[PDB]
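Two separate entries follow, structure 1 and structure 2, each one form of the same protein chain as structure tokens.
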Structure 1
């Protein structure tokens, strides 16, 4: 596009291959509490904040919301379990795509409702020189999280951008929904186990099978 200034990347399943760990950790911590959240459902709910994920389960199974102390207790258990796995590595193609974006004079940004500190603290070491602190959105900015467009709208505000000056790179239907409802052109990369139809149904303007094929295709789609 001719108007493009910024590329807004989600983190889990776009920059880091972290979803096998998040899905396993959510499934196991819920099971420890006698609550049912399958690994597949964890993928379906990918994009929600920790508080929202916990509340989905509490609301359907226990008929109430979690209290804040329950949210914090369960999230801390989930985070400990996530961190017990060998640390998540970069999605293949992410670094190469970021280099391309930057070389073209575009501003990369990260937009996530993650509170998984061990990942956030590794962004610079994994993608050196790509991201600016003042141009990032994390759990420490967000009140609602995806699928609310709030995090992407916050990224636009931080960047001094209009929606038509950005592209979102997302991999999960709730994350695509947030980008789309922010009015931003959204590219889905199907890096999980779900059908690509769910990404398109959520509003993705393009769909690719992987970050590496997006990288391979980037110059063509931006022409």
Structure 2
């Protein structure tokens, strides 16, 4: 009984609302390559959701056999941010406006759930999707102690929305994000908007898997039945 119970649609930001992940992946890949370290474009997608500190540390441990210092982390994250900002501004993901408009027309409330503290993108949510979201019904890095894959961001969204888990659905693109939605006990739809094998998203706990936001939008009515 999904139509009867659903009140809210909890959208992830990077790779769901904004097509930002090719740029995050490229910046991570390239910053590491300039330092002689191997972080593939695909692997950068696997780590989507982790702090910059954790990603850097995973690479340092695997390739250099030690942890990074705080000054190594701060420098590399700064350089990553420089590269990302040098690329074009991330456009809306195709299909994201259409699905937002559709769920809104069905009387559902869109929410954003992200572990991001990236103000350049956070501020653009209002600019790029006017009337879709409300800051009281958003979860960002500023709201949470632990990000994805911990369920905290999604449980916080349920709390901010005054919702029970069965009154929400999560839309996620990343395996750590899917894990967070699933561990929050919420029906989680994976949208495989990157280069990863869809099996990684199923293994993370996805209830349904679609290859793109537009394909999800096209199939939304048949989910609701």
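Residue numbers count along the first chain shown, from 1. Each form is matched to the other, and the largest set of C-alpha atoms that superpose within 1.5 Å is called the rigid core.
Considering the chain as two rigid segments that shift between structure 1 and structure 2, residue 71 sits in a different segment from residue 13, judged by which superposition fits each C-alpha better.
Domain rotation between structure 1 and structure 2: smaller rigid part turned by 17 degrees relative to the larger, from C-alpha superpositions. Once the core is aligned between structure 1 and structure 2, the alpha carbon position of residue 84 differs by 1.5 Å; this is the C-alpha shift at that site. Core-aligned Cα shift between structure 1 and structure 2 at residue 30: this is 3.9 Å.
In the rigid-core superposition between structure 1 and structure 2, residue position residue 59 carries a C-alpha shift of 5.5 Å.
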